[PDB]
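Next come structure tokens for two forms of one protein chain, structure 1 first, structure 2 second.
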Structure 1
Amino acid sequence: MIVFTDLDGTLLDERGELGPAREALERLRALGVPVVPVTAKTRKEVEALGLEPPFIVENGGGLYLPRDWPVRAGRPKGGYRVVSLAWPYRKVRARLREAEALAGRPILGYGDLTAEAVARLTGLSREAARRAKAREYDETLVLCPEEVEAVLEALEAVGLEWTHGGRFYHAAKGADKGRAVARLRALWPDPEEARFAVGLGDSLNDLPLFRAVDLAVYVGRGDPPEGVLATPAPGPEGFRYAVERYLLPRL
């Protein structure tokens, strides 16, 4: 069993972990169940949250492995090997400039904003905002609710893809959580451990993650998508719930 989790509102929601979630996390760790973060966040953000690879960043744009992973894949980088699945940020930013021309209006994202601006808009600290700005693949957009559609059509017109992360639209090419999960499972050292994958997500828009695992659990508010399990409560209690009810009785 491998457990894939969107940080977002599955594990984090309230900033970082939280009582019930921690307890559930330790439980998994004690049982030798690998837990793999799958997040919109950057590698700099995940590191600051003290997480060790493997993890999936920027909506599936990048798969980070320990440098000594038993399966040779990706490019060596310090204590990591990085599997790049998506176009680099600089290329995404260049295409965004083409999109603006098409939409005949400015398209702003984190690349255009100061860290203090990003911090204000996200509720992050300036320090965490700086890490959220350190993007390798995916751009977080700041769009006027009223102009979202014109912008999205322009993005696709220039070959970019878009997703919604919970509060912001994102632009990238090749970044998909399901693709990244399938890739990491195919790169797993022990094929039997990766045979059964669980995916926990806090977004009605985590379908790519939900599609790529064998047991999908939606830990948010309201009804889950079709073919996806639910929990009574959202947040860390929803994560703990799902862990205690769906997982522990399998190990």
Structure 2
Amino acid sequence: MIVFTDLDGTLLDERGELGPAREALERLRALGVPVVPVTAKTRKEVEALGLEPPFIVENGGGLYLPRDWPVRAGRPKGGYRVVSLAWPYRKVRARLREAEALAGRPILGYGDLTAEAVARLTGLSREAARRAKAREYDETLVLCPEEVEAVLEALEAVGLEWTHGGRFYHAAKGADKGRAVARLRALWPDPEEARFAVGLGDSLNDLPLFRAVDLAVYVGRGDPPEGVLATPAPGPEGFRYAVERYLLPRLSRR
């Protein structure tokens, strides 16, 4: 079993911290069950949480592996090995200018904003906002609700893909959480261990994750997507519940 988990609104509390999930994560570690973050966050943000690879960043844009992963893949990038699945940020940003020209409306993303502005918009500290701005694949958009319909159509017209991560829309090309999870499972050193995948998440950007796993669990607000399990409470309390009710039983058996 491998557990693939989203971060914001799933494993992380409302302040972006891992505290509330520690107990459940320790249960999993004790049982030798690997946990793989699969997130809209950047590599810099994941590193700041103290999370080690393998992990998947920017909505599946990048798969990061340990430098000594037994299966040789990707290219060395700063102490890791990286498998790039999506277009680079620079290309997304260039194509966004074309979308903006079509929409006839400004389309602002983090790349247009100061760290100070991103901090104000997100509730992050200035330092954390700098990490959120260090994007390699995916752009986070800052859209007024009134312009969303027009903007999304403009993104499609210019060949970009969009998703939504809980509070913000994102634009990218080739970044899909399920594509990335599939790739990582195919690169797993122990085929048996990778045979059964669990996926937990809370937002639209997790729908492809749920399709790529064998057991899907929704810990967001409201009703779950069809065929995905719910928990009584959202976020880390939902993650904890899922570990204790859905996973632990499956880990003994017979």
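All residue numbers here follow the sequence of structure 1, with the first residue given the number 1. By rigid core we mean the largest C-alpha set that fits within 1.5 Å across both forms.
Task: Core superposition between structure 1 and structure 2, C-alpha change of residue 18 at least 2 Å - done: Result for residue 18: yes, a 2 Å-plus shift.
TODO: Could you tell me how many Å the Cα atom of residue 204 shifts between structure 1 and structure 2 when the rigid core is held superposed?
DONE: Its C-alpha position differs by 5.3 Å.
Task: Per-residue CA shift, residue 223 (Å; core superposed between structure 1 and structure 2) - done: It moves 1.7 Å at the C-alpha.
Task: Value in Å for the CA shift of residue 157 between structure 1 and structure 2, taken after the core is superposed - done: A shift of 0.7 Å at the C-alpha.
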